[PDB]
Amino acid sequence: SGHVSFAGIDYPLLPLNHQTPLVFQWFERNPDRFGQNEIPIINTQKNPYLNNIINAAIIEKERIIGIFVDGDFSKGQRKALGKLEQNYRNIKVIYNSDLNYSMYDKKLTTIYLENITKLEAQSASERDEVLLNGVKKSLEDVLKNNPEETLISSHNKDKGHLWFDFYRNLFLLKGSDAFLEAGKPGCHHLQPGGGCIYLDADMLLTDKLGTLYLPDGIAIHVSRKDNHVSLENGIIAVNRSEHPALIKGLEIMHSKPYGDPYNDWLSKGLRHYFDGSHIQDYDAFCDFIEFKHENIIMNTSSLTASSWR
């Protein structure tokens, strides 16, 4: 087929051709745990993530493979990453410090003040007074510690998995263009305003992916463990920059206090985008949105060990 229907609307199954880059991510909170000439990406027996990435680059020879990294890497470590790119010409190491996300950002005071106003406009007998008090306390904390804290500055390395989860969604907003904005060479055959296929480093390719067809050009991982189905992070495929489903999620992150990249940006953003009146089941949405591929063994860490839990 060439279209699918969901919540009463028809959506074309849009192509992500074999150009569309794959993107892995490695945000490293403690790069001093690697040798100062070692590639600072986990590569243990239980988490063989650099090998998995290399193995994907070998399989997907004709396609760019981005590694989206962050952390306080040594010069020697950056040179080891440069050497990886020499050894596998399709790998492009993108430093999160080389991208500008200011167009997506918002001050935490602003979010808190907007939520306080809205709550105080509601009657005392109507409103969520516990929330109102929680938000006023978050505001006090920010004003005391760092008044200029923003959504983005707040999702830093000190926040565990929130650091990489938040920045992953930001990178997906940029899409293919992030390769160009970070000054990566040999990325000029990427489509301008193009998309990418984000994969967790334990999503093992066993053979080429080829051309993908996704509804409205978007799809996400679903777990089926079991008998059980949920949206999951860990595969995010888009055919274009600023996918409106992801923009919708960002609007939720800008209006909610305590917005979560998984629960709010990704899950509610997508579901509110494709099924805003909530007329169809969640399991049906999972089926509609599911990234399916027979040449990926998905989430292999859950059969071994989590790299951060």
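All residue numbers are counted from 1 along the displayed sequence.
Judged by mean Cα B factor in the deposited record, 290-298 ranks above the other of 290-298 and 21-29. The question of which stretch, 32-40 or 273-281, has the higher mean Cα B factor is settled in favour of 273-281. Within the listed group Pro147, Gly76, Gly160, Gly195, the record reports its top CA B-factor for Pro147. Which of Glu114, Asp202, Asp207, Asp165 has the largest Cα B-factor in the deposited entry comes down to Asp207. In this PDB entry, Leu266 carries a Cα temperature factor that places it within the middle third of its chain's modelled residues. Ranked within its chain, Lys225 lands in the highest third, by CA B factor from the PDB record. In the deposited entry, the Cα temperature factor of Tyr101 places it in the lowest third of its chain's modelled residues. Compared with the other modelled residues of the chain, the Cα B-factor recorded for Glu62 ranks in the highest third.
In the deposited entry, the Cα temperature factor of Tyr213 places it in the middle third of its chain's modelled residues.
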